[PDB]
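Survey of secondary and tertiary structure
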Amino acid sequence: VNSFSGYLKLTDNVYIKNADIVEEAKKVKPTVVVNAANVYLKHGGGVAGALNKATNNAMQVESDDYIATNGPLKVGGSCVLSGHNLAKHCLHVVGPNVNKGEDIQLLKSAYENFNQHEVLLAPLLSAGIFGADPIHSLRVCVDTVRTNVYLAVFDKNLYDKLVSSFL
Ligand SMILES: CC[C@@H](CNc1ncnc2[nH]cnc12)NC(=O)CCC1CCCCC1
């Protein structure tokens, strides 16, 4: 038993809620919150800009030191950093950005990072400003992630859609 509330159960291991991941994060203090990162860890907008703002820019300061030491992530890759005031850890995961021409096949590789963590609070990778179809993203999530994932879909119209079309 864990502390997530109000989720709809999609499969054995995937759950979905209409929620603001920042607010869900501040209430659950999950062990892991997933950020929809880019390779430079420049958290300017979307989920990343919201998570970072909620940390009063501490996420960005930590991220800039990470990049200065290690260089950029790979598309499809990830790193574990602090969760600051939102979670124990933040798993920064880079899904492909269709608005940058990146290969959508890398979305499966991105979701594979979730399997290194038993339970995660996460957004749909490559959704929103990353330009992928959130329904395809949900299908890849369900078919790739084997650990327990709690998906927060900020928008209500899209949520209800994702549920109604789910196979
Ligand atoms: C689907 C991916 C999410 C990712 N963003 C966040 N997800 C969770 N919590 C957040 N807090 C701040 N941002 C988020 N994007 C949206 O819902 C934007 C609206 C839809 C409307 C339909 C077409 C695609 C864009």
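In the block above lies the structure referred to throughout.
Let us look at the structure shown here.

What follows deals with unusual backbone geometry. The phi angle at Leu41 is positive, at roughly 50 degrees, despite the residue not being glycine. Considering the arrangement of structural elements, one finds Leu41 in the loop between β3 (32-36) and α2 (46-54). In this structure, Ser126 is a non-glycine residue whose phi angle is positive, near 65 degrees. Structurally, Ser126 is set in the loop between β6 (119-122) and α5 (134-144). When its relative accessible area of 3% is taken as the criterion, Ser126 is described as buried.

Once that is clear, we can look at the site of the ligand. Taken together, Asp20, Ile21, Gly46, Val47, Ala50, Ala127, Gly128, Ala152, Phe154, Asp155 and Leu158 make up the full set of residues near the ligand. Burial of the ligand by the protein chains amounts to 71% of its free accessible area of 570 Å². It is α2 that provides the largest number of residues to the shell around the ligand, a total of three residues.

Turning next to helix α3 (residues 58-70). Compared with the 18 Å implied by 1.5 Å per residue over 13 residues, the 18 Å span of α3 between its first and last C-alpha is a close match. Regarding α3, the residues found buried are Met59, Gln60, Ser63, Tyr66 and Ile67. End-on, the buried residues of α3 take up no more than an arc of 120 degrees, which puts them together on one face. In α3, those exposed residues whose orientation departs by more than 90 degrees from the buried face are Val61, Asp65, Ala68 and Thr69. Buried residues along α3 sit against β3, α2, β4 (78-82) and β5 (89-93). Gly71 lies just past α3 and shows a positive phi near 75 degrees.

Rules used throughout
- Residues numbered from 1 in each chain as written, not as in the entry; some residues may be left out.
- Heavy atoms only, no water.
- Helix = DSSP H or I, 4+ residues; strand = E, 2+ residues; numbered from the N terminus.
- Buried < 20%, exposed > 50% of the residue type's maximum accessible area, 1.4 Å probe, protein only.
- Near = heavy atom within 4 Å.
- Areas by Shrake-Rupley, 256 points an atom, 1.4 Å probe, with all protein chains shown as cover.
- Expected span 1.5 Å × (residues − 1).
- Arc of directions from axis to C-beta.
- Contact = heavy atoms within 4.5 Å.

Distances and angles like these do not, on their own, reveal function.
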